[PDB]
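Enquirer: no sequence on hand, only this structure:
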Ligand SMILES: CCCCCCNC(=O)c1ccc(S(N)(=O)=O)cc1
Ligand SMILES: [Zn+2]
């Protein structure tokens with residue numbers, strides 16, 4: 001099955017998931033000079049005061065911090081979106097070295113990592129139905145650069161030792177995702193897809209302009225995770241990012257001037 005190695009990596013995904021070559025794939029390069037300021041975009045509304053984290057899971061491609069999405073606790077609204085999108089999980093993509101790891105790029109620049117806060121449109125009733133719809137998901141993407149530590153990330157990095165291998169999970173309650181946000185909510189937006197199989201074309205992407213800073217030590221601990229299961233030959237979980245895909249007939253809009 002699919003992964004990030006030579007033999008099962010992004011260049012192979014199209015054979016099981018033909019939509020890999022579709023018309024609205026993600027990630028993309030954000031060309032800052034071509035993205036047009038759209039004065040009709042609203043401020044995003046990130047309402048995470050009542051967020052309820054439950055568990056952290058190594059799923060063999062990344063680790064997901066999962067939320068209680070059984071009612072409207074943590075939601076994303078506004079910006080390019082109509083309606084209410086419930087936070088279900090967040091995860092990251094990162095590199096083997098600081099010079100690569102993000103999925104989106106900004107004028108071809110790759111960041112050390114990228115955080116994805118994944119939300120589903122509650123008008124579809126459940127996540128499985130939402131991913132079948134062109135406006136089913138909203139993913140808030142946040143770049144990570146290496147510099148100063150991010151205090152709000154430390155609880156995540158401290159639990160990684162306990163979910164080293166694929167299929168391990170740990171209790172992860174009372175985590176506040178507001179501690180992973182940058183100061184500004186200025187963003188770019190475009191229609192796209194999940195960036196892992198099944199690559200469904202169901203996502204309104206909202207990518208924040210301001211990266212967060214994390215420390216070298218913090219990102220080093222991401223790279224000690226394993227793609228493999230317990231007792232299997234060790235394959236460090238690094239470079240779990242899909243490269244930029246063709247923009248095709250899409251426009252990336254800026255919320256800021
Ligand atoms: C029930 C539907 C299963 C969909 C497969 C599970 N995959 C996801 O739910 C999913 C979420 C976010 C992204 S991303 N990297 O674009 O933020 C990618 C994949
Ligand atoms: Zn992702």
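Expert: Arrived safely. Numbering: from 1, shown residues only. Ligands and ions are numbered 1, 2, ... in the order given.

Enquirer: residues in contact with the most far-flung residue of the chain relative to its centre?
Expert: Using Cα atoms, centre = their mean, the residue of the chain lying farthest from its centre is residue 231. It sits 28.4 Å away. With Cβ atoms under 8 Å, 6 or more residues apart in numbering as the criterion, no residue contacts residue 231. In this view, the C-beta of every residue, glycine as well, is placed from N, C-alpha and C.

Enquirer: state the distance from it to residue 59.
Expert: Distance from residue 231 to residue 59, counting by Cβ to Cβ, to the nearest Å: 18 Å.

Enquirer: what strand or helix carries residue 14?
Expert: helix 13-16 (DSSP states H and E).

Enquirer: name the residues that touch that helix?
Expert: By Cβ under 8 Å, 6+ apart, the residues outside helix 13-16 that reach it are 2, 20, 21, 197, 199.

Enquirer: 10 Å - rerun?
Expert: The contact list for helix 13-16 (Cβ atoms under 10 Å, 6 or more residues apart in numbering) reads 1-3, 8, 19-22, 196-199, 242.

Enquirer: tell me the buried residues in it?
Expert: Within helix 13-16, the residues scored as buried using 16 or more other Cβ atoms under 10 Å are residue 13.

Enquirer: strands paired with the helix or strand just after that helix, and their directions?
Expert: Following helix 13-16 in sequence order, the next helix or strand is strand 29-30 (DSSP H and E). Using DSSP bridges, the strands paired with strand 29-30 in its sheet are strand 105-106 (parallel).

Enquirer: okay, now the sheet partners of the next helix or strand after the partner strand, with direction.
Expert: Downstream of strand 105-106, the first helix or strand assigned by DSSP H and E is strand 113-121. Strand pairing for strand 113-121, using DSSP bridges, gives strand 85-94 (antiparallel), strand 137-146 (antiparallel).

Enquirer: redo those as TSV? Include distance to ligand 1.
Expert: Listed next are the strands paired with strand 113-121 as TSV, based on distance: least, Cβ to the nearest ligand atom, whole Å:
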stretch	distance to ligand 1
strand 85-94	7
strand 137-146	5
